[PDB]
């Protein structure tokens, strides 16, 4: 007999939920059956209790059940995502989005989950829109984008319409909660690999556990400067997910010859400014922004490689860095973006 008093009482008593209770709660939320007060109580109570991977996996599972799927047999088994929680409070250029373009241009299929800004000046979806990319495509056309261009963009609101009730509560309360983890865990194309940024150092291991449960090949990353990306200003903590297990690592870009950057060198502006930064990087502009893009693209390619049990960490990184740099240098990334824009205008 599941109910809000039972579930919220258990959480406020600092107890983990019984199997299925988080799922019940999320389903009530997704079906419009939860009062805003109940949604907010649930999100906050779970956050302060400390969510488990089982619980977060249940929430993401329910979201994915209610999402619009892509058509059968349209997502390659090795497709990758590059996406983060956001909420790092830094307002950088759109590193995941730029990395995603480069990854696809290197020949790794990318189905990117994304959304507009929550607290920053310009989100991934905002910047793509400013570049002339269509962010408004449904399942069939995203599938066609992936096949024809090598990248698809799943705009979260378009694929998760039933999340509107939760999204409203999240905006109202402002404080980050367990809900802030869900975007990266609920790509509707269900790619099995990705580079997944987490702004909240204390919740990254839980995100990794969710991916581990799905047997995804993922690097969950938190820059030690607070970025929900692999950073160039310092080390990053990586929760490496492979073969159903999570391994905690610290990553230093200096190990691959990257010079240290300052965080203000990665600072972003409005959608137009960040669109300009994308163009500059894909056009061959050298500097800190390119370095961060290449590093993150490489990370995603490493995750992709980890779909094979044969993959080795250092060779994977060297290969990833080589491929990412080459995809920019040959013009492949610049061309792929142009083709992506042309594709959307030809619909």
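Positions refer to the first chain, counted from 1.
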ask   = Comparing 127 to 135 with 262 to 270, which has the greater mean CA B-factor as deposited?
value = 262 to 270
ask   = Averaging C-alpha B-factors over each stretch, which comes out higher, 99 to 107 or 144 to 152?
value = 144 to 152
ask   = Which is it among 120, 186, 236, 180: the one with the largest CA B-factor in the entry?
value = 120
request  = Could you tell me which one of 257, 209, 84, 223 shows the highest CA temperature factor in the PDB record?
outcome  = 257
task = Name the third of the chain's ranked CA B-factors that contains residue 116, choosing lowest, middle or highest.
result = highest
task = State the tercile, meaning the lowest, middle or highest third, of residue 74 with respect to the CA B-factors recorded for its chain.
result = highest
request  = Place residue 53 in the lowest, middle or highest third of its chain's C-alpha B-factors, as listed in the PDB entry.
outcome  = lowest
key: Among modelled residues of the same chain, the CA temperature factor third for residue 28   = middle
ask   = What third of the chain, by the recorded C-alpha B-factor, contains residue 248?
value = highest
